[PDB]
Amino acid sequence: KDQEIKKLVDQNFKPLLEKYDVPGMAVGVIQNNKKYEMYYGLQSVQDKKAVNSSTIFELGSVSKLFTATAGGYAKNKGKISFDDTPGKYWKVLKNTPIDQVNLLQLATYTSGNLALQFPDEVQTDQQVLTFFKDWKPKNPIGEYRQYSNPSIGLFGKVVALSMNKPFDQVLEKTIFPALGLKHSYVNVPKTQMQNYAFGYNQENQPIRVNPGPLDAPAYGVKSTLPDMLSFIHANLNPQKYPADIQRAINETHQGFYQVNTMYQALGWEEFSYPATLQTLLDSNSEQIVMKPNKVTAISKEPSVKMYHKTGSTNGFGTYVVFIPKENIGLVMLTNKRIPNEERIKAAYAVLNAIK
């Protein structure tokens, strides 16, 4: 029965490579602290290099999980409080309208007036500052969730400002080593560029992520399948890790509000387990992802929970999910975007067949 792990992924994930012309895919599964690694296709079409345990993928919005873990690390260490405001750390924002939104509201996209991306005009560091200086409120603060890169991006910058280090160093020198990650980078070094996969757009043209405003805390992490399986293992068994990172992980497993059947935790999206397939798919619907939605208090606190998160760049797709009481998790990494529903459906079929 331990061999069906390899067989179940070939039935549900492998057909997606041909269906959407995906050059490479890496699917990992952890069950009872045992890791399974399945690699498909090529990380580089022109180089005919196959996807392996060293292939580096762009995590996209799954990077937000590491930003949330970084915030939980600073909160437990006393460097921040979720009730603090960004002006306390970014001094030029003090008394500005954005200084009325606390850090927890920035991390959970409830500022009331922040869209999915920065405007196209916002590029340089000065233009990022001018954006949050001129920021005016719209919806009542804390009442409307709108999935936003600027929101959690500012949250990550404040976390970095409270740790007296730039954000990329916070992850690479503190968070990643605390999680046991060996090849996770905000900036991929030259000695690892041969492992950095090419992404592929809808025309199957090789591409990689471009520099952008607050790109690192919003979508700037690149990682490998063994590292992401270690990150899942850390989320499944935080009590096995040192106290500083363990309490950081626990900070990301607490829902703060609901939107229909989705509980918004720190970075992670939380659901009552067992969850229906449509519940997980609804989290990635256009209504939940692109539009504002009024939030409600957590009424039913689920005793048995599950967590997932989709992430995408222009040429990469990502999906991670784990179930603590089943001690099972899955990671999908692809060097071409496939519909979010397809990633969730395939992982839903794999997890339910392994009890």
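A residue's number is simply how far along the shown sequence it sits, counting from 1.
Stretches 259 to 267 and 114 to 122 differ in mean CA B factor, with 114 to 122 having the higher one. The deposited model assigns a higher average Cα B-factor to 173 to 181 than to the other stretch when 173 to 181 and 223 to 231 are compared. Taking the deposited Cα B-factors for 152, 186, 280, 98, the highest one is held by 98. Taking the PDB entry at face value, the top CA B factor among 132, 196, 273, 200 belongs to 132. In this PDB entry, residue 18 carries a Cα temperature factor that places it within the highest third of its chain's modelled residues. Sort the chain's modelled residues by C-alpha temperature factor and residue 75 lands in the highest third, per the entry. For residue 342, the recorded CA B-factor ranks within the lowest third of the chain. Only modelled residues enter the ranking. Ranked within its chain, residue 334 lands in the lowest third, by CA B factor from the PDB record.
Residue-level temperature factors show residue 145 in the lowest third of its chain, judged at the C-alpha atom.
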